[PDB]
Amino acid sequence: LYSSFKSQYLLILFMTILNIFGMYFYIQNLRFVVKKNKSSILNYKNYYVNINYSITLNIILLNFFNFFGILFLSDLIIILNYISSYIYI
Amino acid sequence: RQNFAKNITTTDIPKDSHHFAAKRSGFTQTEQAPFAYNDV
Amino acid sequence: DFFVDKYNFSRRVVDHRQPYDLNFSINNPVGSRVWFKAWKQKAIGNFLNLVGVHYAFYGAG
Amino acid sequence: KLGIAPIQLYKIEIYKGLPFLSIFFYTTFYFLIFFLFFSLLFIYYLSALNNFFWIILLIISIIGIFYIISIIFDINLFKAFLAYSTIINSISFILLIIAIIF
Amino acid sequence: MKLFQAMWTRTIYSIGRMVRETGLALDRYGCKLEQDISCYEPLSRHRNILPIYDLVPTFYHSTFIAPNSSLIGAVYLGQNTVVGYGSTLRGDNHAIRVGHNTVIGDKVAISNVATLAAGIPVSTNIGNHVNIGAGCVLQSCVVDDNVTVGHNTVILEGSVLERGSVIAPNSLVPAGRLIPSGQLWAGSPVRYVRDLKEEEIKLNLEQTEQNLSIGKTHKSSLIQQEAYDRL
Amino acid sequence: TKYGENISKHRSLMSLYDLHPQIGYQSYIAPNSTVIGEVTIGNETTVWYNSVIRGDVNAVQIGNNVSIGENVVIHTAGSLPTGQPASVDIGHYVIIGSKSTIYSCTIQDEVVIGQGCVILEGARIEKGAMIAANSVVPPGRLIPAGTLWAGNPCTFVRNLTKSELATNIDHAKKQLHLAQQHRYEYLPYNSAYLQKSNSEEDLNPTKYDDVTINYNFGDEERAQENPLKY
Amino acid sequence: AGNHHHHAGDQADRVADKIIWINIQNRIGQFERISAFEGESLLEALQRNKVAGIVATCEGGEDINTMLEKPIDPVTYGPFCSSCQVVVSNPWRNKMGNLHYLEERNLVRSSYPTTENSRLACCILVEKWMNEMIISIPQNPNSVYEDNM
Amino acid sequence: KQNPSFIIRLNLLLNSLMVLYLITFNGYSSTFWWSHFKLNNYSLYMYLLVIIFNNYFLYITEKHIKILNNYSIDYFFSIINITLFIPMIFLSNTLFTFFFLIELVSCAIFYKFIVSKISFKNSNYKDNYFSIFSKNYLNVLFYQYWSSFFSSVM
Amino acid sequence: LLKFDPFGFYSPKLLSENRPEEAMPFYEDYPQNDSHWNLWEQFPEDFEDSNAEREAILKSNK
Amino acid sequence: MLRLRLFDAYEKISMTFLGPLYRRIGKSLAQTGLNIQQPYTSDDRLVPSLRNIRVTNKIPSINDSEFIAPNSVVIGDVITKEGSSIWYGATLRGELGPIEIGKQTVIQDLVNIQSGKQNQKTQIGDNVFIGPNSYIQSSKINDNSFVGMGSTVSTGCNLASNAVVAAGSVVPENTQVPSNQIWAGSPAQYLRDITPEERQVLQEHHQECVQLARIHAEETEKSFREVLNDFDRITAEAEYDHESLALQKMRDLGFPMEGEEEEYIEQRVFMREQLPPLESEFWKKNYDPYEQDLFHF
Amino acid sequence: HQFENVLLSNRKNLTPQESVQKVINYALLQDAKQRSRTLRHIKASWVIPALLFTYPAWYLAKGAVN
Amino acid sequence: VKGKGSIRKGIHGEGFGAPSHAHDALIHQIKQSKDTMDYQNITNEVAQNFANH
Amino acid sequence: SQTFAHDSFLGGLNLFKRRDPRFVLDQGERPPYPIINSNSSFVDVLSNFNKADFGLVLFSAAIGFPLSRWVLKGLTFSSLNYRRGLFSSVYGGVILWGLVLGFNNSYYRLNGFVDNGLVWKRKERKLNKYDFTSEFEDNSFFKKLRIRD
Ligand SMILES: CCCCCCCCCCCCCCCCCC(=O)OC[C@H](COP(=O)([O-])OCC(O)COP(=O)([O-])OC[C@@H](COC(=O)CCCCCCCCCCCCCCCCC)OC(=O)CCCCCCCCCCCCCCCCC)OC(=O)CCCCCCCCCCCCCCCCC
Ligand SMILES: CCCCCCCCCCCCCCCCCC(=O)OC[C@H](COP(=O)([O-])OCC(O)COP(=O)([O-])OC[C@@H](COC(=O)CCCCCCCCCCCCCCCCC)OC(=O)CCCCCCCCCCCCCCCCC)OC(=O)CCCCCCCCCCCCCCCCC
Ligand SMILES: CCCCCCCCCCCCCCCCCC(=O)OC[C@H](COP(=O)([O-])OCC[N+](C)(C)C)OC(=O)CCCCCCCCCCCCCCCCC
Ligand SMILES: CCCCCCCCCCCCCCCCCC(=O)OC[C@H](COP(=O)([O-])OCC[N+](C)(C)C)OC(=O)CCCCCCCCCCCCCCCCC
Ligand code: FES
């Protein structure tokens with residue numbers, strides 16, 4: 001959107017090329033994610049797998065914001081614009 | 001697979017218990033045991 | 001008091017895992033005689049190990 | 001210094017040799033300080049020289065994109081994947097910086 | 001309304017569980033602050049009677065239940081029923097019902113399958129004077145009164161044993177089969193052997209009565225030695 | 001004297017100086033059951049009551065979403081005549097009936113073992129095979145994949161169809177929710193210690209140790225995934 | 001089922017008659033003899049027998065469209081590294097035949113020296129004719145930091 | 001074998017105290033100490049943002065270390081130095097001071113890479129009496145060192 | 001095809017779907033229609049379901 | 001001064017006031033929660049120890065045993081001689097009849113011994129082996145007898161010394177098993193005669209199990225403090241590094257562990273002489289360097 | 001009228017076939033009752049969370065998007 | 001065996017490695033004939049070391 | 001009325017009461033309060049210490065005990081002497097931070113940044129053209145954290 005606002009059609013073209021190539025670069029790993037059985041990747045402590053509630057909670061907050069960032073993005077944009085407005089450029 | 005319960009209580013299943021009869025005497029030492037449920 | 005229906009309200013097992021330096025002279029309150037003896041020994045030992053460092057630091061300060 | 005697409009292979013090697021926690025801290029430091037100051041060089045600090053920076057940035061971005069378009073699909077390591085994710089995002093932010101300084 | 005009653009029961013149960021959780025956590029934290037190691041001790045968590053929510057085992061106080069055994073879920077024992085040492089009546093998916101004067105041997109395992117065809121009960125039902133040997137396995141089987149099952153015998157789903165039938169030890173009853181009354185069956189796949197005699201029937205009756213008496217003596221001795229909880 | 005006490009000294013999980021059992025998530029080990037030695041248990045594996053698993057003489061591998069049954073004894077052998085590893089290997093979705101005994105063997109995925117079976121050392125049961133309840137697999141015998149065997153010694157009966165294989169897999173998957181229902185009945189904190197009486201040893205230790213590390217370090221942040229955890 | 005010749009009432013065959021013997025020259029110049037089975041990869045057999053000299057960073061590769069399928073699917077990604085190389089003796093190497101292009105790519109990209117008889121254990125599928133096959137297993141390279149863990 | 005959780009917590013505590021200082025900060029917008037450092041709203045906000053993100057990452061790292069300890073105390077001492085000295089870059093008022101600050105931060109990062117754990121106690125019992133060569137440590141050090149050299153000279 | 005008759009109109013159908021064979025568990029035959037659009041089990045209105053067995057045993061125990 | 005004094009005062013105050021208060025509140029809350037949850041809940045219990053159970057004057061005599069599993073059941077007239085082992089889940093109901101177990105006799109997991117008669121005794125000889133899931137009713141088992149996994153010995157059976165019963169074998173009631181003979185099947189029948197190699201491997205297996213019983217006894221018979229120490233040691237080893245392990249071995253050997261002691265290193269690493277070879281090492285038949293036997297290659 | 005425990009009742013007078021049939025019918029009826037009770041408890045476990053947390057969820061969504 | 005990980009003890013002695021691992025002839029020689037070498041035996045390892053050099 | 005008295009032990013709480021969310025004032029903007037000493041040296045800043053700074057130090061001392069214990073709770077394999085020494089070091093660091101905050105508060109009072117007890121003769125009053133927080137603060141708890149002319 002900012003590139004369009006600045007009227008950079010060539011920059012938009014190159015951004016899109018890079019974006020789509022990188023998109024497939026990330027997506028192809030979903031093919032490898034498929035596994036014949038369920039993996040065992042947890043460390044064992046006291047003879048049982050160690051699952052960290054704190055890291056799970058942090059991942060859950062990150063997941064919530066990842067899913068619903070669009071809803072609250074206006075506040076973050078306001079804050080970032082407020083921070084940048086101090087720069088006199 | 002299916003996990004529903006066969007024995008319903010809303011009504012009694014129609015059945016005939018005389019078509020198949022279970023043997024209960026005159027067995028041999030090589031014959032298999034009879035069947036318990038023989039309703040059709 | 002001592003016992004309730006099933007739970008022993010005075011249940012207690014002492015923790016046998018204690019630090020070795022517990023009850024050492026140095027761990028006594030600062031300014032006490034035992035603490036002063038331990039600290040004096042520690043200071044003498046440190047000075048003997050590093051005469052030059054103790055000079056350059058304490059004398060300079 | 002940063003390890004942007006024209007000079008990226010050493011960054012791939014560093015990521016291969018680093019632990020996951022080291023990468024966790026290094027990516028934060030890199031993006032939040034090094035790359036941000038690199039962007040501010042053209043935006044805020046050395047803004048009066050943008051009449052020269054624009055062409056250099058454009059050439060670097062084009063060369064990097066055309067150099068990685070094929071390499072990013074040749075890796076076979078988790079560390080390489082993380083490093084090239086960082087590199088791709090760096091190129092995208094460089095394009096955005098060009099747009100900003102316009 | 002029954003639904004409202006069930007909802008209230010679930011709510012109060014959850015509140016009680018949360019209260020227990022907070023109390024135990026507070027006790028552990030107090031131990032940590034007090035340098036007390038009592039909480040840390042590992043002790044067997046085995047519960048002889050384990051109740052699934054709404055499925056509580058029920059048994060007459062006259063019954064002898066071995067402290068080594070484990071009754072789980074919907075289990076129902078009779079007047080003087082005896083459960084051997086190490087035997088488990090899981091009865092979690094469906095119910096397990098036992099008669100007045102039955103004997104279950106040591107290491108006997110009873111567990112019922114998830115579902116069966118129409119007209120076949122999916123619960124284990126055992127007669128009044130049944131005698132089941134040690135090491136037997138039972139699954140969703142019906143056993144009538146005065147039945148003796150030999151040691152190390154496997155009885156599968158839908159299998160019905162009529163009154164007075166005898167099964168020799170080290171034999172298996174295939175699923176969905178009938179063992180008529182007053183007959184002896186033996187072999188890994190059970191095969192007809194003969195018809196029981198009055199002497200054999202009397203011997204089996206005396207054997208089960210002796211087992212009941214031995215169970216009573218075991219109960220008394222364990223209560224004396226504090227190995228049996230005075231329910 | 002040696003064996004005179006009122007409270008049992010039994011622990012479900014035990015090790016022999018280097019052999020720590022490992023259990024995955026959602027895996028229920030009954031308090032009656034004993035799992036001692038070098039035993040590895042996968043995810044969603046259920047071991048019912050009064051079952052013994054000794055990996056002391058050799059390693060034992062248990063797959064995911066398997067059922068071990070009741071009164072079942074799994075143990076290893078020192079070695080095999082063929083020179084193969086003598087560890088016990090059990091694949092995923094394997095159901096083992098009650099009263100059965102497993103020696104050093106190789107059970108592949110989706111295998112169903114009947115109640116009271118006896119699999120002897122060196123046996124290799126392939127994927128999808130079934131065994132009758134009271135049958136014996138002699139040592140060093142190969143049971144082909146997707147086949148039915150019965151008797152002592154075991155003898156071939158017929159091939160198994162995709163419907164039978166699907167039914168076995170469904171049963172293996174179905175045991176999981178029963179295991180979780182059993183699991184939910186235990187709170188993460190054991191309350192048995194609250195029922196004991198203080199002793200002289202408890203009130204005054206004979207000897208003291210140096211504080212190195214508490215086994216439950218970071219447990220205020222670890223999740224109580226398995227209630228039956230020390 | 002299938003691939004067996006049993007009739008109702010037959011006894012099971014011995015595992016001894018079915019095990020396929022693989023002879024190996026270890027990285028330290030000694031000789032080893034291990035057993036494998038048809039239908040499993042040489043990498044699986046070697047890891048089961050705990051043969052030293054193989055790192056197997058990728059641990060067999062992908063779980064779908066694997067290189068072990070007799071008709072190799074063209075959409076396969078091939079091996080994900082070259083840390084399972086084994087030198088196979090010519091009598092069995094010729095029977096194995098020409099290399100897949102992805103396997104050859106990984107082998108040539110290997111950091112350590114390679115031989116014309118080199119092959120990837122994960123890409124090899126055990127067959128009956130491989131009985132008594134002789135191979136050599138020099139030390140394979142370590143790819144990333146996680147190999148030390 | 002001391003767990004570095006206390007070092008990480010100390011770093012978090014002092015970062016929080018620095019955040020408190022920034023929140024209570026007051027003054028005029030100008031340069032200080034011979035015009036080598038700039039003190040204005042945007043620079044201070046950049047400093048605060050860097051500190052906040054470092055604090056959050058340190059919190060996650062503390063949780064991970066409690067999970068498992070494969071990192072020494074020197075590792076987190078290097079992290080402490082990096083966190084302390086890296087936000088000062090945005091306060092730079094001249095390219096000279098920026099170069100020196102980035103050089104110091106580069107030395108700290110090189111310290112962090114040096115203190116990476118090398119040998120693990122894994123379950124592989126096959127290499128007890130054989131030499132296994134791993135070049136990752138040298139590769140990291142070599143490339144980091146030479147990249148720093150080129151960037152610094154230029 | 002002539003023998004095939006999953007329903008019991010022409011060839012009588014056992015309530016127990018199949019006859020179990022020795023050395024196999026007793027499982028229901030797969031239905032011809034395997035639709036899973038099934039409600040929870042339905043019971044008659046005002047169906048009595050109190051745990052009479054448990055109540056009687058508890059009353060006897062007192 | 002002030003800082004450390006405040007620290008010590010707070011430590012004492014916490015340990016003496018907050019600990020007991022939180023403990024009391026937690027116990028009361030736990031009781032209240034359990035009362036609320038009843039009758040649809042169960043609480044933890046002190047599991048009784050069923051080893052050495054006395055019934056009507058019948059007192060087990062098992063003190064002269066190497067290993068008795070904590071969760072096994074030994075009731076009534078059960079006599080065991082020196083070195084005998086009873087493993088997990090084994091049930092020996094001796095009130096039905098006397099149960100005699102000989103020296104170094106191994107009874108593995110889930111093995112039940114129960115006399116089918118009213119007072120018939122079960123006698124087991126020395127160096128006998130009974131495998132897991134076995135079931136002995138009432139029989140005379142002589143010394144050095146072997147019983148396989150999942151094997152049933154019926155009432156009135158008499159198996160002589162060096163008689164082998166294959167695993168999964170059901171011995172018919174009132175059966176005699178001669179010496180040095182293998183019986184297998186169900187019903188069990190004579191199969192062949194034990195070979196010297198088979199006898200050797202059986203003896204080695206029995207000895208291995210006897211030795212393993214000692215390790216099992218050592219592990220099971222531990223105090224709560226010792227078990228806690230084991231848990232702490234395992235947790236510490238989970239994070240110990242190569243340097244820490246080397247230091248552990250060095251301190252066990254006796255190397256200096258302090259800087260001031262580093263100056264006497266030679267007295268602990270090099271000065272100590274090496275133990276001279278045993279004279280049996282000079283009588284070896286051959287001294288050729290060892291090489292793998294290439295038979296079958 | 002009054003509850004009778006057929007399993008614990010005296011069935012010696014009846015023939016074995018009649019005895020087993022009565023036991024089977026009694027078992028089926030009791031199993032149906034148990035099925036009804038457990039289904040009701042499951043339904044209650046469904047209803048409770050809905051009533052308790054439906055409005056909070058709507059409140060959260062309403063605040064987020066409005 | 002206490003303190004030796006997966007290494008386990010046999011009837012006639014204790015092994016020098018984990019169960020399924022391969023025995024090492026050089027380690028065997030070092031243990032049995034420590035410090036004694038009648039002659040410099042040229043094993044495959046020695047020959048390969050010479051070739052590599 | 002909106003700020004605590006600068007001479008009280010709670011006069012250090014005025015650091016959290018700010019008129020605008022800016023860090024620093026512009027070069028030329030008048031400080032909110034009369035300037036006492038613009039060119040303040042170290043000795044005079046120390047001489048300007050006050051009960052407010054002493055209260056800040058006391059707050060730091062009080063809050064450094066829970067924080068020091070929180071830091072210490074992540075310590076393992078430590079002797080009692082080292083644990084006590086680490087607690088002392090952390091507590092001293094927190095108290096030193098309190099001293100630094102008190103010094104900054106004294107500097108701010110000298111420069112007029114925070115309430116120093118004086119008021120400009122003629123207030124420079126703004127026009128609250130943009131107002132997204134007046135009603136929110138009046139109806140909320142945050143009216144205490146903001147200073148309005
Ligand atoms: C649209 C895109 C949006 C993208 C967003 C990206 C980020 C999203 C994910 C992260 C967001 C932050 C999450 C909270 C911090 C993480 C730790 C935590 O709190 O959980 C542990 C803790 C878990 O407790 P526990 O499980 O009982 O015990 C844990 C341990 O056993 C025992 O615990 P312990 O004793 O070890 O530690 C106790 C301590 C542990 O917590 C910590 O120590 C905090 C660690 C994070 C420090 C940095 C926070 C920065 C916050 C400001 C915004 C930037 C966020 C950047 C986040 C990513 C940075 C990489 O707990 C606390 O005190 C929690 C306080 C958290 C609030 C701190 C606010 C600081 C504000 C400073 C700046 C103020 C303005 C200055 C203006 C100046 C102007 C001149 O959390 C809780 O107790 C509550 C958890 C459930 C509610 C969480 C609510 C989160 C709300 C987030 C709001 C984000 C801003 C608003 C939205 C913006 C977009 C619209
Ligand atoms: C000029 C060339 C450079 C050299 C100059 C001299 C520098 C001397 C510094 C202090 C040296 C302490 C002794 C070191 C011994 C080392 C050898 C040794 O013992 O080996 C064995 C030793 C182990 O044995 P140990 O028994 O465990 O420890 C040794 C001692 O027992 C326990 O050791 P500790 O460190 O834990 O205890 C230290 C304690 C030793 O214990 C005692 O003596 C008892 C406690 C005495 C406390 C005295 C406090 C006095 C405070 C006065 C404040 C006045 C303010 C007035 C304000 C105005 C009022 C109107 O002494 C102190 O507390 C010294 C504090 C002195 C502060 C003086 C402030 C002067 C301000 C001047 C400017 C004023 C401007 C405004 C004026 C306005 C006027 C109107 O080895 C070690 O591991 C020691 C490591 C020591 C590290 C020290 C350095 C830490 C900081 C490193 C920074 C790195 C760079 C990053 C920062 C960049 C800038 C630096
Ligand atoms: C009208 C009259 C009004 C009079 C008011 C007088 C009172 C004025 C002071 C009020 C202080 C209110 C509480 C402040 C925060 C207390 C934090 C604490 O004790 O936590 C300990 C805790 C320690 O943990 P813990 O004690 O909670 O327990 C830990 C337990 N485990 C470990 C098991 C989980 O501190 C932390 O965890 C913080 C770690 C990160 C560091 C954060 C530093 C924050 C510094 C804040 C300084 C004070 C700011 C005051 C702002 C006032 C604005 C108006
Ligand atoms: C990226 C790296 C980090 C960030 C960048 C690094 C910045 C580097 C530049 C910093 C410059 C700081 C200069 C401050 C100079 C003024 C100092 C001051 O306030 O003095 C006021 C006072 C004077 O105050 P005054 O200025 O008011 O006095 C004059 C007053 N009139 C004019 C009215 C007469 O200074 C002194 O009296 C002392 C001067 C210094 C004496 C020597 C001190 C040496 C200390 C050595 C280290 C000791 C460590 C001890 C450790 C103990 C515990 C282990
Ligand atoms: S395991 Fe990586 S290529 Fe074979």
# chains A, B, ... in the order shown; residues from 1 in each chain; ligands from 1

$ residues_around --residues "residue A:82" --least-positions-apart "2" --cutoff "12 Å" --atoms "only C-alpha atoms" --output "PyMOL selection string"
(chain A and resi 75-80+84-87) or (chain H and resi 41-42+45) or (chain M and resi 21-22)

$ write_last_selection --atoms "N, CA, C and O atoms" --output "PDB file, in the first residue's frame"
ATOM      1  N   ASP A  75      -4.518   0.199  16.470  1.00  0.00           N
ATOM      2  CA  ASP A  75      -3.850   0.739  17.650  1.00  0.00           C
ATOM      3  C   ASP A  75      -2.336   0.666  17.510  1.00  0.00           C
ATOM      4  O   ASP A  75      -1.629   1.622  17.848  1.00  0.00           O
ATOM      5  N   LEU A  76      -1.818  -0.460  17.017  1.00  0.00           N
ATOM      6  CA  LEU A  76      -0.378  -0.579  16.824  1.00  0.00           C
ATOM      7  C   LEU A  76       0.117   0.420  15.786  1.00  0.00           C
ATOM      8  O   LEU A  76       1.188   1.015  15.948  1.00  0.00           O
ATOM      9  N   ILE A  77      -0.649   0.618  14.713  1.00  0.00           N
ATOM     10  CA  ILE A  77      -0.273   1.603  13.704  1.00  0.00           C
ATOM     11  C   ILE A  77      -0.270   3.001  14.306  1.00  0.00           C
ATOM     12  O   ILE A  77       0.610   3.819  14.012  1.00  0.00           O
ATOM     13  N   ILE A  78      -1.265   3.311  15.140  1.00  0.00           N
ATOM     14  CA  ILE A  78      -1.302   4.618  15.790  1.00  0.00           C
ATOM     15  C   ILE A  78      -0.064   4.810  16.657  1.00  0.00           C
ATOM     16  O   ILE A  78       0.571   5.868  16.639  1.00  0.00           O
ATOM     17  N   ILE A  79       0.294   3.786  17.433  1.00  0.00           N
ATOM     18  CA  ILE A  79       1.442   3.907  18.324  1.00  0.00           C
ATOM     19  C   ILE A  79       2.729   4.071  17.526  1.00  0.00           C
ATOM     20  O   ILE A  79       3.580   4.902  17.862  1.00  0.00           O
ATOM     21  N   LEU A  80       2.897   3.287  16.460  1.00  0.00           N
ATOM     22  CA  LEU A  80       4.112   3.393  15.658  1.00  0.00           C
ATOM     23  C   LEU A  80       4.206   4.746  14.964  1.00  0.00           C
ATOM     24  O   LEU A  80       5.290   5.334  14.887  1.00  0.00           O
ATOM     25  N   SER A  84       7.124   7.544  15.409  1.00  0.00           N
ATOM     26  CA  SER A  84       7.897   8.045  14.278  1.00  0.00           C
ATOM     27  C   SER A  84       7.693   9.539  14.067  1.00  0.00           C
ATOM     28  O   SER A  84       8.572  10.206  13.513  1.00  0.00           O
ATOM     29  N   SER A  85       6.556  10.086  14.498  1.00  0.00           N
ATOM     30  CA  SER A  85       6.292  11.501  14.266  1.00  0.00           C
ATOM     31  C   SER A  85       7.306  12.392  14.966  1.00  0.00           C
ATOM     32  O   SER A  85       7.500  13.537  14.545  1.00  0.00           O
ATOM     33  N   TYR A  86       7.954  11.903  16.023  1.00  0.00           N
ATOM     34  CA  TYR A  86       8.975  12.703  16.686  1.00  0.00           C
ATOM     35  C   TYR A  86      10.151  12.969  15.762  1.00  0.00           C
ATOM     36  O   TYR A  86      10.768  14.037  15.834  1.00  0.00           O
ATOM     37  N   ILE A  87      10.477  12.014  14.896  1.00  0.00           N
ATOM     38  CA  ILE A  87      11.513  12.233  13.898  1.00  0.00           C
ATOM     39  C   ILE A  87      11.025  13.310  12.938  1.00  0.00           C
ATOM     40  O   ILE A  87       9.915  13.224  12.396  1.00  0.00           O
TER      41      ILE A  87
ATOM     42  N   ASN H  41      13.240  12.554  21.617  1.00  0.00           N
ATOM     43  CA  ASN H  41      12.123  11.642  21.839  1.00  0.00           C
ATOM     44  C   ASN H  41      12.251  10.380  20.996  1.00  0.00           C
ATOM     45  O   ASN H  41      12.034   9.270  21.494  1.00  0.00           O
ATOM     46  N   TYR H  42      12.595  10.523  19.715  1.00  0.00           N
ATOM     47  CA  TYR H  42      12.670   9.352  18.846  1.00  0.00           C
ATOM     48  C   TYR H  42      13.796   8.418  19.268  1.00  0.00           C
ATOM     49  O   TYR H  42      13.609   7.198  19.323  1.00  0.00           O
ATOM     50  N   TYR H  45      12.776   6.611  22.396  1.00  0.00           N
ATOM     51  CA  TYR H  45      11.779   5.582  22.119  1.00  0.00           C
ATOM     52  C   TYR H  45      12.419   4.355  21.487  1.00  0.00           C
ATOM     53  O   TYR H  45      12.032   3.222  21.793  1.00  0.00           O
TER      54      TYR H  45
ATOM     55  N   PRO M  21       2.972  12.266  27.026  1.00  0.00           N
ATOM     56  CA  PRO M  21       3.789  11.049  26.972  1.00  0.00           C
ATOM     57  C   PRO M  21       5.169  11.234  26.359  1.00  0.00           C
ATOM     58  O   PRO M  21       5.845  10.236  26.101  1.00  0.00           O
ATOM     59  N   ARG M  22       5.605  12.467  26.116  1.00  0.00           N
ATOM     60  CA  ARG M  22       6.929  12.699  25.564  1.00  0.00           C
ATOM     61  C   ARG M  22       8.006  12.359  26.587  1.00  0.00           C
ATOM     62  O   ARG M  22       7.779  12.358  27.798  1.00  0.00           O
TER      63      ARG M  22
END

$ select_by_dssp --residues "stretch 31-69 of chain A" --states "alpha helix (DSSP H)" --output "list in words"
residues 31, 32, 33, 53, 54, 55, 56, 57, 58, 59, 60, 61, 62, 63, 64, 65, 66, 67, 68 and 69 of chain A

$ atom_distance --atom1 "atom 78 (C, counted along the ligand's line) of ligand 1" --atom2 "atom CA of residue M:18"
10.4 Å

$ residues_around --residues "residue G:124" --least-positions-apart "4" --cutoff "12 Å" --atoms "only C-alpha atoms" --output "ChimeraX atom specification"
/G:38-46,60,66-70,79,84-88,92-93,95-97,99-100,103,118-120,130

$ residues_around --residues "residue B:17" --least-positions-apart "2" --cutoff "9 Å" --atoms "only C-alpha atoms" --output "ChimeraX atom specification"
/B:15,19-21,37-40

$ write_last_selection --atoms "N, CA and C atoms" --output "CSV table (one decimal), in the first residue's frame"
chain,number,residue,atom,x,y,z
B,15,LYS,N,-38.4,-60.1,16.4
B,15,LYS,CA,-37.5,-61.2,16.3
B,15,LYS,C,-38.2,-62.6,16.2
B,19,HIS,N,-36.2,-70.1,14.3
B,19,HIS,CA,-35.6,-70.5,13.0
B,19,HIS,C,-34.3,-71.2,13.3
B,20,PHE,N,-33.5,-70.7,14.1
B,20,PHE,CA,-32.2,-71.3,14.5
B,20,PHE,C,-32.3,-71.8,15.9
B,21,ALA,N,-31.9,-73.1,16.1
B,21,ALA,CA,-32.0,-73.7,17.4
B,21,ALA,C,-30.6,-74.2,17.8
B,37,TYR,N,-26.7,-66.9,20.9
B,37,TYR,CA,-27.8,-66.1,20.4
B,37,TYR,C,-28.2,-66.6,19.0
B,38,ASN,N,-29.5,-66.9,18.9
B,38,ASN,CA,-29.9,-67.5,17.6
B,38,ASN,C,-31.2,-66.8,17.2
B,39,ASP,N,-31.5,-65.6,17.5
B,39,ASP,CA,-32.6,-64.9,17.1
B,39,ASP,C,-32.4,-64.2,15.8
B,40,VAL,N,-33.4,-64.2,14.9
B,40,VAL,CA,-33.3,-63.6,13.6
B,40,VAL,C,-34.3,-62.5,13.5

$ closest_atom_pairs --of "chain G" --to "ligand 5" --cutoff "6 Å" --atoms "only C-alpha atoms and all ligand atoms" --output "CSV"
residue,atom,partner,partner_atom_place_in_ligand_line,distance
G:56,CA,ligand 5,1 (S),3.9
G:57,CA,ligand 5,2 (Fe),5.2
G:58,CA,ligand 5,2 (Fe),4.0
G:59,CA,ligand 5,1 (S),4.0
G:60,CA,ligand 5,1 (S),3.9
G:61,CA,ligand 5,1 (S),5.9
G:79,CA,ligand 5,3 (S),4.5
G:80,CA,ligand 5,3 (S),5.4
G:81,CA,ligand 5,3 (S),4.2
G:82,CA,ligand 5,3 (S),4.5
G:83,CA,ligand 5,2 (Fe),5.2
G:84,CA,ligand 5,4 (Fe),4.7
G:120,CA,ligand 5,4 (Fe),5.5
G:121,CA,ligand 5,4 (Fe),5.8
G:122,CA,ligand 5,4 (Fe),4.3

$ residues_around --residues "residue K:31" --least-positions-apart "6" --cutoff "9 Å" --atoms "only C-alpha atoms" --output "mmCIF file with C-alpha atoms, in the first residue's frame"
data_model
loop_
_atom_site.group_PDB
_atom_site.id
_atom_site.type_symbol
_atom_site.label_atom_id
_atom_site.label_comp_id
_atom_site.auth_asym_id
_atom_site.auth_seq_id
_atom_site.Cartn_x
_atom_site.Cartn_y
_atom_site.Cartn_z
ATOM 1 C CA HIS E 94 -19.846 -51.030 31.093
ATOM 2 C CA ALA E 95 -20.946 -52.583 34.372
ATOM 3 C CA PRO E 121 -25.364 -57.523 26.785
ATOM 4 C CA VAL E 122 -22.034 -55.699 26.858
ATOM 5 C CA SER E 123 -21.600 -56.258 30.615
#
